[PDB]
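**Student:** Below you'll find protein.cif; it's mmCIF, C-alpha atoms.
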```cif
data_input
#
loop_
_atom_site.label_atom_id
_atom_site.label_comp_id
_atom_site.auth_asym_id
_atom_site.auth_seq_id
_atom_site.Cartn_x
_atom_site.Cartn_y
_atom_site.Cartn_z
CA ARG A 10 0.34 51.90 -24.48
CA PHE A 11 0.52 48.44 -26.09
CA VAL A 12 3.10 46.90 -23.79
CA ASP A 13 1.46 47.88 -20.48
CA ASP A 14 -1.05 45.00 -20.58
CA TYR A 15 0.54 42.66 -23.16
CA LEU A 16 0.69 39.19 -21.53
CA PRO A 17 4.09 38.04 -22.93
CA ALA A 18 5.74 41.27 -21.80
CA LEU A 19 4.13 41.01 -18.36
CA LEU A 20 5.29 37.41 -17.93
CA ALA A 21 8.81 38.19 -19.13
CA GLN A 22 9.29 41.19 -16.86
CA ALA A 23 7.83 39.49 -13.78
CA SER A 24 9.97 36.40 -14.42
CA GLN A 25 13.18 38.36 -14.87
CA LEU A 26 12.71 40.61 -11.86
CA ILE A 27 11.89 37.78 -9.42
CA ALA A 28 14.56 35.45 -10.80
CA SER A 29 17.26 38.11 -10.69
CA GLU A 30 16.57 38.61 -6.99
CA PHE A 31 17.22 34.97 -6.24
CA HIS A 32 20.16 34.57 -8.64
CA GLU A 33 22.15 36.95 -6.46
CA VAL A 34 21.72 34.55 -3.54
CA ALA A 35 22.61 31.57 -5.70
CA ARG A 36 25.87 33.15 -6.86
CA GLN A 37 26.86 34.19 -3.34
CA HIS A 38 26.46 30.49 -2.45
CA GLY A 39 28.81 29.50 -5.32
CA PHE A 40 26.19 28.40 -7.88
CA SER A 41 25.80 29.60 -11.41
CA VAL A 42 22.25 30.36 -12.52
CA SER A 43 22.19 27.35 -14.85
CA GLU A 44 23.67 25.01 -12.21
CA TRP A 45 20.99 26.15 -9.76
CA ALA A 46 18.24 25.75 -12.39
CA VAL A 47 19.33 22.18 -13.18
CA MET A 48 19.71 21.05 -9.59
CA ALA A 49 16.44 22.68 -8.46
CA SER A 50 14.64 21.13 -11.46
CA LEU A 51 15.96 17.65 -10.60
CA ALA A 52 15.55 17.80 -6.80
CA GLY A 53 12.92 15.35 -5.60
CA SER A 54 12.42 14.11 -9.17
CA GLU A 55 12.58 10.75 -10.85
CA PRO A 56 15.02 10.71 -13.79
CA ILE A 57 13.79 12.87 -16.67
CA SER A 58 14.89 13.17 -20.28
CA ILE A 59 17.39 15.77 -21.47
CA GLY A 60 14.57 17.35 -23.49
CA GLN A 61 12.31 17.61 -20.44
CA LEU A 62 15.15 19.14 -18.41
CA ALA A 63 15.79 21.66 -21.20
CA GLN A 64 12.13 22.65 -21.20
CA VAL A 65 11.75 23.01 -17.43
CA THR A 66 15.03 24.99 -17.12
CA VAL A 67 14.22 27.11 -20.20
CA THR A 68 17.62 26.20 -21.69
CA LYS A 69 18.50 25.07 -25.21
CA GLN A 70 19.22 21.34 -25.40
CA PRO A 71 22.85 21.67 -26.66
CA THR A 72 23.53 24.12 -23.83
CA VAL A 73 22.02 21.65 -21.34
CA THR A 74 24.18 18.85 -22.69
CA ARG A 75 27.39 20.87 -22.19
CA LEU A 76 26.24 21.85 -18.69
CA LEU A 77 25.56 18.23 -17.80
CA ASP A 78 28.99 17.23 -19.11
CA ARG A 79 30.60 19.40 -16.49
CA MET A 80 28.05 18.80 -13.68
CA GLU A 81 28.43 15.04 -14.16
CA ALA A 82 32.21 15.42 -14.04
CA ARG A 83 31.68 17.07 -10.62
CA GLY A 84 29.38 14.26 -9.48
CA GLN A 85 26.32 16.49 -9.04
CA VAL A 86 24.15 14.75 -11.67
CA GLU A 87 24.11 11.44 -13.51
CA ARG A 88 23.00 10.59 -17.04
CA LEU A 89 21.39 7.17 -17.56
CA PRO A 90 20.02 5.17 -20.49
CA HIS A 91 16.28 5.17 -20.98
CA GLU A 92 14.94 1.70 -20.23
CA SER A 93 13.21 1.30 -23.62
CA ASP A 94 14.12 3.96 -26.21
CA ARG A 95 17.83 4.59 -26.77
CA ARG A 96 17.44 7.90 -28.52
CA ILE A 97 16.61 9.06 -24.96
CA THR A 98 19.05 9.91 -22.18
CA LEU A 99 17.63 10.37 -18.68
CA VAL A 100 19.23 12.56 -16.02
CA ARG A 101 18.99 12.69 -12.23
CA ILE A 102 20.49 14.65 -9.35
CA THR A 103 22.93 12.72 -7.16
CA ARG A 104 23.04 12.78 -3.37
CA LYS A 105 26.10 15.04 -3.60
CA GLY A 106 24.13 17.50 -5.73
CA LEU A 107 21.10 17.39 -3.43
CA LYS A 108 23.21 18.03 -0.32
CA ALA A 109 25.01 20.82 -2.19
CA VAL A 110 21.75 22.62 -3.01
CA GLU A 111 19.63 21.83 0.11
CA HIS A 112 20.27 25.10 1.94
CA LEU A 113 19.84 27.16 -1.24
CA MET A 114 16.47 25.46 -1.81
CA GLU A 115 15.34 26.52 1.65
CA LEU A 116 16.41 30.08 0.88
CA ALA A 117 14.51 29.84 -2.41
CA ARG A 118 11.34 28.83 -0.56
CA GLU A 119 11.77 31.74 1.87
CA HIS A 120 12.25 34.18 -1.02
CA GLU A 121 9.18 32.85 -2.85
CA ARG A 122 7.17 33.20 0.35
CA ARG A 123 8.28 36.83 0.63
CA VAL A 124 7.35 37.49 -3.02
CA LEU A 125 3.88 35.98 -2.61
CA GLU A 126 3.03 37.24 0.89
CA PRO A 127 1.58 40.64 -0.20
CA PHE A 128 -0.86 38.90 -2.56
CA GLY A 129 -2.42 36.55 -0.03
CA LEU A 130 -2.79 32.80 -0.22
CA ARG A 131 -5.80 32.86 -2.57
CA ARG A 132 -4.24 35.11 -5.22
CA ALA A 133 -0.90 33.31 -4.93
CA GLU A 134 -2.52 29.91 -5.48
CA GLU A 135 -4.57 31.31 -8.37
CA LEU A 136 -1.40 32.62 -10.03
CA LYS A 137 0.43 29.30 -9.65
CA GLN A 138 -2.53 27.31 -10.95
CA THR A 139 -2.93 29.55 -13.99
CA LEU A 140 0.79 29.39 -14.80
CA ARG A 141 0.79 25.59 -14.46
CA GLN A 142 -2.27 25.26 -16.70
CA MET A 143 -0.70 27.55 -19.31
CA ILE A 144 2.54 25.56 -19.32
CA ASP A 145 0.73 22.27 -19.71
CA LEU A 146 -1.32 23.67 -22.58
CA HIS A 147 1.64 25.13 -24.47
CA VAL A 148 4.46 22.64 -23.92
CA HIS A 149 5.41 20.48 -26.91
CA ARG B 10 9.08 17.76 -6.67
CA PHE B 11 10.51 21.21 -5.88
CA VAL B 12 10.22 22.74 -9.33
CA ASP B 13 6.57 21.80 -9.98
CA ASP B 14 5.18 24.69 -7.91
CA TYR B 15 8.23 27.01 -7.67
CA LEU B 16 7.04 30.48 -8.78
CA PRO B 17 10.20 31.59 -10.68
CA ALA B 18 10.25 28.35 -12.66
CA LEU B 19 6.53 28.65 -13.43
CA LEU B 20 6.91 32.23 -14.63
CA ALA B 21 9.97 31.42 -16.73
CA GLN B 22 8.40 28.42 -18.46
CA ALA B 23 5.08 30.15 -19.13
CA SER B 24 6.90 33.21 -20.48
CA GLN B 25 9.16 31.22 -22.79
CA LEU B 26 6.44 29.00 -24.19
CA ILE B 27 4.02 31.84 -25.00
CA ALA B 28 6.74 34.13 -26.33
CA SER B 29 8.24 31.45 -28.55
CA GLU B 30 4.85 30.98 -30.20
CA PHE B 31 4.68 34.61 -31.19
CA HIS B 32 8.37 34.97 -32.12
CA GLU B 33 7.77 32.58 -35.01
CA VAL B 34 5.20 35.00 -36.41
CA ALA B 35 7.50 37.97 -35.86
CA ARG B 36 10.35 36.34 -37.77
CA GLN B 37 8.11 35.31 -40.66
CA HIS B 38 7.20 39.02 -40.89
CA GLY B 39 10.90 39.97 -41.07
CA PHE B 40 11.42 41.09 -37.44
CA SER B 41 14.00 39.87 -35.02
CA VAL B 42 12.77 39.14 -31.50
CA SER B 43 14.63 42.14 -30.09
CA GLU B 44 13.42 44.48 -32.85
CA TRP B 45 9.84 43.37 -32.15
CA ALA B 46 10.32 43.79 -28.39
CA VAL B 47 11.63 47.35 -28.80
CA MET B 48 8.99 48.49 -31.26
CA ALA B 49 6.12 46.90 -29.30
CA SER B 50 7.47 48.46 -26.08
CA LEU B 51 7.60 51.92 -27.67
CA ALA B 52 4.30 51.80 -29.60
CA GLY B 53 1.80 54.28 -28.22
CA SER B 54 4.38 55.51 -25.70
CA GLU B 55 5.86 58.85 -24.84
CA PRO B 56 9.67 58.86 -25.04
CA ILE B 57 11.23 56.69 -22.32
CA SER B 58 14.77 56.36 -21.05
CA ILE B 59 17.19 53.73 -22.33
CA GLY B 60 17.12 52.17 -18.86
CA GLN B 61 13.33 51.95 -18.87
CA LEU B 62 13.37 50.40 -22.35
CA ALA B 63 15.97 47.87 -21.18
CA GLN B 64 13.78 46.91 -18.24
CA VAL B 65 10.51 46.57 -20.18
CA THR B 66 12.20 44.56 -22.99
CA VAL B 67 14.17 42.43 -20.49
CA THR B 68 17.40 43.30 -22.34
CA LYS B 69 20.76 44.41 -20.95
CA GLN B 70 21.39 48.12 -21.43
CA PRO B 71 24.56 47.75 -23.59
CA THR B 72 22.67 45.31 -25.81
CA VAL B 73 19.79 47.81 -26.10
CA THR B 74 22.20 50.58 -27.04
CA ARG B 75 23.69 48.53 -29.90
CA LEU B 76 20.19 47.58 -31.07
CA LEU B 77 19.10 51.21 -31.07
CA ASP B 78 22.21 52.17 -33.05
CA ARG B 79 21.04 50.00 -35.89
CA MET B 80 17.28 50.63 -35.52
CA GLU B 81 17.93 54.39 -35.56
CA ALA B 82 20.08 53.97 -38.67
CA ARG B 83 17.00 52.34 -40.27
CA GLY B 84 14.74 55.18 -39.12
CA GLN B 85 12.54 52.99 -36.92
CA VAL B 86 13.37 54.74 -33.62
CA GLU B 87 14.86 58.04 -32.50
CA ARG B 88 17.04 58.88 -29.51
CA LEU B 89 16.53 62.31 -27.92
CA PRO B 90 18.09 64.31 -25.09
CA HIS B 91 16.25 64.35 -21.79
CA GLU B 92 14.89 67.83 -21.18
CA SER B 93 16.58 68.23 -17.78
CA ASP B 94 19.17 65.55 -16.95
CA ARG B 95 21.83 64.88 -19.59
CA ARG B 96 22.96 61.57 -18.21
CA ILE B 97 19.60 60.43 -19.67
CA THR B 98 18.81 59.57 -23.28
CA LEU B 99 15.16 59.14 -24.22
CA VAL B 100 13.96 56.95 -27.08
CA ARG B 101 10.77 56.84 -29.15
CA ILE B 102 9.33 54.89 -32.07
CA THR B 103 9.05 56.80 -35.34
CA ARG B 104 6.07 56.76 -37.68
CA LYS B 105 8.06 54.47 -39.99
CA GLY B 106 8.57 52.01 -37.13
CA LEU B 107 4.91 52.16 -36.07
CA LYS B 108 3.67 51.52 -39.61
CA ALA B 109 6.22 48.70 -39.92
CA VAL B 110 4.91 46.93 -36.82
CA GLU B 111 1.15 47.76 -36.97
CA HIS B 112 0.03 44.49 -38.56
CA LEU B 113 2.30 42.42 -36.32
CA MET B 114 0.77 44.15 -33.28
CA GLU B 115 -2.69 43.13 -34.43
CA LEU B 116 -1.47 39.55 -34.82
CA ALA B 117 0.04 39.79 -31.33
CA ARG B 118 -3.33 40.85 -29.89
CA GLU B 119 -5.05 37.94 -31.67
CA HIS B 120 -2.47 35.48 -30.32
CA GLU B 121 -2.82 36.83 -26.77
CA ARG B 122 -6.59 36.52 -27.06
CA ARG B 123 -6.19 32.88 -28.11
CA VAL B 124 -3.82 32.21 -25.17
CA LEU B 125 -6.21 33.76 -22.65
CA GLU B 126 -9.54 32.52 -24.04
CA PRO B 127 -9.56 29.13 -22.21
CA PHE B 128 -9.10 30.88 -18.86
CA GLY B 129 -12.04 33.26 -19.12
CA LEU B 130 -12.07 37.02 -18.73
CA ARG B 131 -11.98 36.98 -14.91
CA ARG B 132 -8.95 34.70 -14.58
CA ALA B 133 -7.17 36.47 -17.44
CA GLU B 134 -7.66 39.88 -15.83
CA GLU B 135 -6.57 38.48 -12.45
CA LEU B 136 -3.37 37.14 -14.00
CA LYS B 137 -2.54 40.44 -15.71
CA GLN B 138 -3.25 42.45 -12.56
CA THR B 139 -1.06 40.20 -10.42
CA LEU B 140 1.80 40.32 -12.92
CA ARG B 141 1.57 44.12 -13.15
CA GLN B 142 1.54 44.47 -9.35
CA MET B 143 4.55 42.14 -9.04
CA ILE B 144 6.52 44.10 -11.65
CA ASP B 145 5.78 47.41 -9.98
CA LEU B 146 6.85 46.02 -6.61
CA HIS B 147 10.11 44.52 -7.86
CA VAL B 148 11.38 46.98 -10.46
CA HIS B 149 14.36 49.12 -9.45
#
```
Transcribe the structure of this file into structure tokens.
**Tutor:**
Amino acid sequence: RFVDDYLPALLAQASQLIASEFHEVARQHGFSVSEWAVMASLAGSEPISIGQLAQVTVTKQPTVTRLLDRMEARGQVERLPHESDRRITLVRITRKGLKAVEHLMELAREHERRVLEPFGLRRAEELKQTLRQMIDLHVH
Amino acid sequence: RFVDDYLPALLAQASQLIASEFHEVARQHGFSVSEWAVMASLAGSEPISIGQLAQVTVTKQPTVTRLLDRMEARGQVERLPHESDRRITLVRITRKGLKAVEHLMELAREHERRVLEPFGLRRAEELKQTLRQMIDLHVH
């Protein structure tokens, strides 16, 4: 059976199943999936470009721009000029956004800990290191 | 930075980046992403339910049903009654579909081998085993 060990299918199924579990929690706390992805991606971060945010949230750039229009209207994020290049808009989470998502982030950590507990610390760390290395090799 | 080591974000980014690389090849061979996902998921498989196909292709069931309507019209797949329960439709790839996707599947194997080569056989096998175990623990 081709798909049983095919890496892209394994990554896609694992990603969807784990993410869907936490998205239920996010929505019961009043967050859309994309709002949660943006705020979690910006929390504890220096300002990053719209393109970087689109990559780390796995969201198309025009979609991200529309999302930021409304999240900025609500005071949860702020767009800023890049200090040097003007073709570049940076974005950051505001204090309002951070306080809004703080509790959800703790719940997200608890859920991740539950997901990784059966694998043990060594296998969990190996998985995260491999995923990080793969991202850094394949990002454009 | 919360998102740098957050498992769902790592899985989602790795999945998207690797998949996007191969989707380019699929489209240059005349396949849509969803057509490729269905045919690759059915290749070498016994007939599976529409729900199982939706899970393994990470596609909503109504979307899968519409896709199968047109792929069955083109003779690439076939829907069948389940032998016992009638609330269940099974689906299989036809010989026409298998021959259509054979070369693409070889290219997919070559691409996966390229993606996994820098990690070595041990780390690649560890990744695939962990992903498989996670899927089997979280599928419903």
**Student:** Report as JSON lines the residues of range 47-78 of chain A within 10 Å of range 102-110 of chain A, each with its shortest atom pair and distance in Å (one decimal), using only C-alpha atoms, ordered by chain and increasing residue number.
**Tutor:**
```
{"residue": "A:47", "atom": "CA", "partner": "A:102", "partner_atom": "CA", "distance": 8.5}
{"residue": "A:48", "atom": "CA", "partner": "A:102", "partner_atom": "CA", "distance": 6.5}
{"residue": "A:49", "atom": "CA", "partner": "A:110", "partner_atom": "CA", "distance": 7.6}
{"residue": "A:50", "atom": "CA", "partner": "A:102", "partner_atom": "CA", "distance": 9.0}
{"residue": "A:51", "atom": "CA", "partner": "A:102", "partner_atom": "CA", "distance": 5.6}
{"residue": "A:52", "atom": "CA", "partner": "A:102", "partner_atom": "CA", "distance": 6.4}
{"residue": "A:53", "atom": "CA", "partner": "A:102", "partner_atom": "CA", "distance": 8.5}
{"residue": "A:54", "atom": "CA", "partner": "A:102", "partner_atom": "CA", "distance": 8.1}
{"residue": "A:55", "atom": "CA", "partner": "A:102", "partner_atom": "CA", "distance": 8.9}
{"residue": "A:56", "atom": "CA", "partner": "A:102", "partner_atom": "CA", "distance": 8.1}
```
**Student:** Is it possible to see chain B as a PDB file with C-alpha atoms, in the frame of the given file, once it has been laid onto chain A by a least-squares fit on every C-alpha atom in order?
**Tutor:**
```
ATOM      1  CA  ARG B  10       0.341  51.903 -24.489  1.00  0.00           C
ATOM      2  CA  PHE B  11       0.525  48.443 -26.090  1.00  0.00           C
ATOM      3  CA  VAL B  12       3.105  46.898 -23.791  1.00  0.00           C
ATOM      4  CA  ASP B  13       1.459  47.872 -20.479  1.00  0.00           C
ATOM      5  CA  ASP B  14      -1.061  45.007 -20.583  1.00  0.00           C
ATOM      6  CA  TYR B  15       0.543  42.657 -23.162  1.00  0.00           C
ATOM      7  CA  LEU B  16       0.688  39.194 -21.527  1.00  0.00           C
ATOM      8  CA  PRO B  17       4.087  38.042 -22.924  1.00  0.00           C
ATOM      9  CA  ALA B  18       5.739  41.271 -21.799  1.00  0.00           C
ATOM     10  CA  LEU B  19       4.134  41.005 -18.353  1.00  0.00           C
ATOM     11  CA  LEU B  20       5.288  37.415 -17.924  1.00  0.00           C
ATOM     12  CA  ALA B  21       8.807  38.183 -19.131  1.00  0.00           C
ATOM     13  CA  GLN B  22       9.289  41.190 -16.854  1.00  0.00           C
ATOM     14  CA  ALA B  23       7.828  39.491 -13.781  1.00  0.00           C
ATOM     15  CA  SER B  24       9.966  36.406 -14.420  1.00  0.00           C
ATOM     16  CA  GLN B  25      13.189  38.361 -14.866  1.00  0.00           C
ATOM     17  CA  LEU B  26      12.712  40.601 -11.859  1.00  0.00           C
ATOM     18  CA  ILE B  27      11.890  37.782  -9.420  1.00  0.00           C
ATOM     19  CA  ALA B  28      14.556  35.458 -10.797  1.00  0.00           C
ATOM     20  CA  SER B  29      17.260  38.111 -10.690  1.00  0.00           C
ATOM     21  CA  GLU B  30      16.567  38.607  -6.988  1.00  0.00           C
ATOM     22  CA  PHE B  31      17.223  34.974  -6.242  1.00  0.00           C
ATOM     23  CA  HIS B  32      20.167  34.572  -8.647  1.00  0.00           C
ATOM     24  CA  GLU B  33      22.152  36.953  -6.453  1.00  0.00           C
ATOM     25  CA  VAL B  34      21.718  34.552  -3.543  1.00  0.00           C
ATOM     26  CA  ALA B  35      22.619  31.562  -5.702  1.00  0.00           C
ATOM     27  CA  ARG B  36      25.868  33.153  -6.858  1.00  0.00           C
ATOM     28  CA  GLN B  37      26.862  34.191  -3.341  1.00  0.00           C
ATOM     29  CA  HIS B  38      26.466  30.489  -2.455  1.00  0.00           C
ATOM     30  CA  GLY B  39      28.808  29.501  -5.312  1.00  0.00           C
ATOM     31  CA  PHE B  40      26.193  28.394  -7.889  1.00  0.00           C
ATOM     32  CA  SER B  41      25.803  29.600 -11.409  1.00  0.00           C
ATOM     33  CA  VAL B  42      22.252  30.360 -12.526  1.00  0.00           C
ATOM     34  CA  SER B  43      22.199  27.349 -14.844  1.00  0.00           C
ATOM     35  CA  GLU B  44      23.668  25.007 -12.215  1.00  0.00           C
ATOM     36  CA  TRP B  45      20.982  26.157  -9.765  1.00  0.00           C
ATOM     37  CA  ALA B  46      18.247  25.751 -12.391  1.00  0.00           C
ATOM     38  CA  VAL B  47      19.321  22.176 -13.180  1.00  0.00           C
ATOM     39  CA  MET B  48      19.709  21.051  -9.588  1.00  0.00           C
ATOM     40  CA  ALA B  49      16.440  22.680  -8.462  1.00  0.00           C
ATOM     41  CA  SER B  50      14.645  21.122 -11.458  1.00  0.00           C
ATOM     42  CA  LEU B  51      15.964  17.653 -10.596  1.00  0.00           C
ATOM     43  CA  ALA B  52      15.545  17.797  -6.797  1.00  0.00           C
ATOM     44  CA  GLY B  53      12.921  15.350  -5.601  1.00  0.00           C
ATOM     45  CA  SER B  54      12.425  14.106  -9.169  1.00  0.00           C
ATOM     46  CA  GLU B  55      12.584  10.756 -10.852  1.00  0.00           C
ATOM     47  CA  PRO B  56      15.017  10.706 -13.791  1.00  0.00           C
ATOM     48  CA  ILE B  57      13.787  12.874 -16.677  1.00  0.00           C
ATOM     49  CA  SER B  58      14.883  13.174 -20.277  1.00  0.00           C
ATOM     50  CA  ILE B  59      17.381  15.773 -21.469  1.00  0.00           C
ATOM     51  CA  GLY B  60      14.570  17.351 -23.491  1.00  0.00           C
ATOM     52  CA  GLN B  61      12.319  17.610 -20.445  1.00  0.00           C
ATOM     53  CA  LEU B  62      15.152  19.141 -18.408  1.00  0.00           C
ATOM     54  CA  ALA B  63      15.790  21.651 -21.206  1.00  0.00           C
ATOM     55  CA  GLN B  64      12.134  22.648 -21.207  1.00  0.00           C
ATOM     56  CA  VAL B  65      11.743  23.011 -17.428  1.00  0.00           C
ATOM     57  CA  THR B  66      15.027  24.990 -17.118  1.00  0.00           C
ATOM     58  CA  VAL B  67      14.217  27.112 -20.201  1.00  0.00           C
ATOM     59  CA  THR B  68      17.620  26.200 -21.685  1.00  0.00           C
ATOM     60  CA  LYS B  69      18.498  25.063 -25.205  1.00  0.00           C
ATOM     61  CA  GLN B  70      19.221  21.344 -25.405  1.00  0.00           C
ATOM     62  CA  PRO B  71      22.849  21.671 -26.663  1.00  0.00           C
ATOM     63  CA  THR B  72      23.528  24.118 -23.834  1.00  0.00           C
ATOM     64  CA  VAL B  73      22.017  21.647 -21.337  1.00  0.00           C
ATOM     65  CA  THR B  74      24.181  18.847 -22.696  1.00  0.00           C
ATOM     66  CA  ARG B  75      27.386  20.867 -22.196  1.00  0.00           C
ATOM     67  CA  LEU B  76      26.247  21.847 -18.694  1.00  0.00           C
ATOM     68  CA  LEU B  77      25.560  18.228 -17.800  1.00  0.00           C
ATOM     69  CA  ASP B  78      28.994  17.227 -19.110  1.00  0.00           C
ATOM     70  CA  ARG B  79      30.597  19.394 -16.488  1.00  0.00           C
ATOM     71  CA  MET B  80      28.051  18.804 -13.688  1.00  0.00           C
ATOM     72  CA  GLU B  81      28.433  15.038 -14.166  1.00  0.00           C
ATOM     73  CA  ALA B  82      32.215  15.420 -14.038  1.00  0.00           C
ATOM     74  CA  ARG B  83      31.679  17.073 -10.620  1.00  0.00           C
ATOM     75  CA  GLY B  84      29.379  14.262  -9.478  1.00  0.00           C
ATOM     76  CA  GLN B  85      26.323  16.486  -9.036  1.00  0.00           C
ATOM     77  CA  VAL B  86      24.152  14.744 -11.662  1.00  0.00           C
ATOM     78  CA  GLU B  87      24.108  11.435 -13.509  1.00  0.00           C
ATOM     79  CA  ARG B  88      23.001  10.588 -17.038  1.00  0.00           C
ATOM     80  CA  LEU B  89      21.386   7.171 -17.560  1.00  0.00           C
ATOM     81  CA  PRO B  90      20.025   5.170 -20.490  1.00  0.00           C
ATOM     82  CA  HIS B  91      16.278   5.166 -20.982  1.00  0.00           C
ATOM     83  CA  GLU B  92      14.942   1.703 -20.236  1.00  0.00           C
ATOM     84  CA  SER B  93      13.218   1.303 -23.619  1.00  0.00           C
ATOM     85  CA  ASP B  94      14.124   3.961 -26.207  1.00  0.00           C
ATOM     86  CA  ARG B  95      17.836   4.590 -26.770  1.00  0.00           C
ATOM     87  CA  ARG B  96      17.436   7.895 -28.517  1.00  0.00           C
ATOM     88  CA  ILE B  97      16.615   9.062 -24.955  1.00  0.00           C
ATOM     89  CA  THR B  98      19.050   9.912 -22.172  1.00  0.00           C
ATOM     90  CA  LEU B  99      17.631  10.374 -18.684  1.00  0.00           C
ATOM     91  CA  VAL B 100      19.233  12.562 -16.026  1.00  0.00           C
ATOM     92  CA  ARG B 101      18.992  12.694 -12.232  1.00  0.00           C
ATOM     93  CA  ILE B 102      20.497  14.643  -9.344  1.00  0.00           C
ATOM     94  CA  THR B 103      22.934  12.720  -7.159  1.00  0.00           C
ATOM     95  CA  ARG B 104      23.035  12.778  -3.371  1.00  0.00           C
ATOM     96  CA  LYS B 105      26.099  15.036  -3.602  1.00  0.00           C
ATOM     97  CA  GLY B 106      24.133  17.505  -5.730  1.00  0.00           C
ATOM     98  CA  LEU B 107      21.098  17.398  -3.425  1.00  0.00           C
ATOM     99  CA  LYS B 108      23.205  18.033  -0.321  1.00  0.00           C
ATOM    100  CA  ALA B 109      25.004  20.825  -2.197  1.00  0.00           C
ATOM    101  CA  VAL B 110      21.753  22.624  -3.004  1.00  0.00           C
ATOM    102  CA  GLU B 111      19.622  21.831   0.107  1.00  0.00           C
ATOM    103  CA  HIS B 112      20.263  25.105   1.938  1.00  0.00           C
ATOM    104  CA  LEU B 113      19.841  27.163  -1.231  1.00  0.00           C
ATOM    105  CA  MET B 114      16.471  25.464  -1.808  1.00  0.00           C
ATOM    106  CA  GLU B 115      15.340  26.513   1.650  1.00  0.00           C
ATOM    107  CA  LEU B 116      16.417  30.079   0.885  1.00  0.00           C
ATOM    108  CA  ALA B 117      14.515  29.841  -2.408  1.00  0.00           C
ATOM    109  CA  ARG B 118      11.338  28.823  -0.557  1.00  0.00           C
ATOM    110  CA  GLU B 119      11.770  31.741   1.870  1.00  0.00           C
ATOM    111  CA  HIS B 120      12.251  34.181  -1.018  1.00  0.00           C
ATOM    112  CA  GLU B 121       9.179  32.853  -2.849  1.00  0.00           C
ATOM    113  CA  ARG B 122       7.166  33.200   0.348  1.00  0.00           C
ATOM    114  CA  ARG B 123       8.284  36.831   0.635  1.00  0.00           C
ATOM    115  CA  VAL B 124       7.346  37.491  -3.024  1.00  0.00           C
ATOM    116  CA  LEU B 125       3.882  35.979  -2.602  1.00  0.00           C
ATOM    117  CA  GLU B 126       3.023  37.245   0.893  1.00  0.00           C
ATOM    118  CA  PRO B 127       1.577  40.645  -0.200  1.00  0.00           C
ATOM    119  CA  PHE B 128      -0.855  38.907  -2.559  1.00  0.00           C
ATOM    120  CA  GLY B 129      -2.424  36.556  -0.032  1.00  0.00           C
ATOM    121  CA  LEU B 130      -2.793  32.799  -0.221  1.00  0.00           C
ATOM    122  CA  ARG B 131      -5.805  32.857  -2.572  1.00  0.00           C
ATOM    123  CA  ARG B 132      -4.239  35.108  -5.213  1.00  0.00           C
ATOM    124  CA  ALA B 133      -0.900  33.305  -4.926  1.00  0.00           C
ATOM    125  CA  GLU B 134      -2.519  29.909  -5.475  1.00  0.00           C
ATOM    126  CA  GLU B 135      -4.567  31.315  -8.374  1.00  0.00           C
ATOM    127  CA  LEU B 136      -1.400  32.614 -10.024  1.00  0.00           C
ATOM    128  CA  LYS B 137       0.434  29.297  -9.653  1.00  0.00           C
ATOM    129  CA  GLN B 138      -2.538  27.310 -10.952  1.00  0.00           C
ATOM    130  CA  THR B 139      -2.926  29.549 -13.998  1.00  0.00           C
ATOM    131  CA  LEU B 140       0.785  29.387 -14.801  1.00  0.00           C
ATOM    132  CA  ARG B 141       0.793  25.588 -14.460  1.00  0.00           C
ATOM    133  CA  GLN B 142      -2.278  25.258 -16.701  1.00  0.00           C
ATOM    134  CA  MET B 143      -0.707  27.559 -19.314  1.00  0.00           C
ATOM    135  CA  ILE B 144       2.543  25.565 -19.327  1.00  0.00           C
ATOM    136  CA  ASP B 145       0.727  22.272 -19.713  1.00  0.00           C
ATOM    137  CA  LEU B 146      -1.325  23.668 -22.589  1.00  0.00           C
ATOM    138  CA  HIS B 147       1.638  25.128 -24.467  1.00  0.00           C
ATOM    139  CA  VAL B 148       4.458  22.642 -23.923  1.00  0.00           C
ATOM    140  CA  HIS B 149       5.403  20.477 -26.906  1.00  0.00           C
TER     141      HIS B 149
END
```
**Student:** With chain B as the partner and 8 Å as the cut-off, tabulate the residues of chain A that qualify, each row holding the nearest pair of atoms and their distance in Å to one decimal, using only C-alpha atoms, sorted by chain and rising number, as CSV.
**Tutor:**
```
residue,atom,partner,partner_atom,distance
A:10,CA,B:53,CA,4.7
A:11,CA,B:52,CA,6.2
A:12,CA,B:50,CA,5.2
A:14,CA,B:137,CA,6.8
A:15,CA,B:121,CA,7.6
A:16,CA,B:121,CA,6.7
A:17,CA,B:28,CA,5.8
A:18,CA,B:65,CA,7.3
A:19,CA,B:140,CA,6.0
A:20,CA,B:24,CA,5.2
A:21,CA,B:24,CA,5.5
A:22,CA,B:67,CA,6.2
A:23,CA,B:144,CA,5.2
A:24,CA,B:20,CA,5.2
A:25,CA,B:67,CA,7.0
A:26,CA,B:147,CA,6.2
A:27,CA,B:17,CA,6.5
A:28,CA,B:17,CA,5.8
A:49,CA,B:12,CA,6.3
A:50,CA,B:12,CA,5.2
A:51,CA,B:12,CA,7.8
A:52,CA,B:11,CA,6.2
A:53,CA,B:10,CA,4.7
A:54,CA,B:10,CA,5.5
A:64,CA,B:22,CA,7.4
A:65,CA,B:22,CA,6.4
A:66,CA,B:18,CA,7.4
A:67,CA,B:22,CA,6.2
A:118,CA,B:15,CA,8.0
A:121,CA,B:16,CA,6.7
A:128,CA,B:139,CA,8.0
A:132,CA,B:139,CA,7.9
A:136,CA,B:136,CA,6.3
A:137,CA,B:16,CA,6.8
A:139,CA,B:136,CA,7.6
A:140,CA,B:19,CA,5.9
A:141,CA,B:19,CA,6.6
A:143,CA,B:23,CA,6.3
A:144,CA,B:23,CA,5.2
A:147,CA,B:26,CA,6.2
A:148,CA,B:26,CA,6.7
```
**Student:** Record the distance separating CA of residue 34 in chain B and CA of residue 113 in chain B, expressed in Å with one decimal.
**Tutor:** 8.0 Å
**Student:** Excluding residue 97 in chain A and its own-chain neighbours fewer than 3 positions away, which residues fall within 10 Å of it when counting only C-alpha atoms? Please give them as a list in words.
**Tutor:**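 Residues near the query, excluding close chain neighbours: residues 57, 58, 59, 60, 89, 90, 91, 92, 93, 94 and 100 of chain A.
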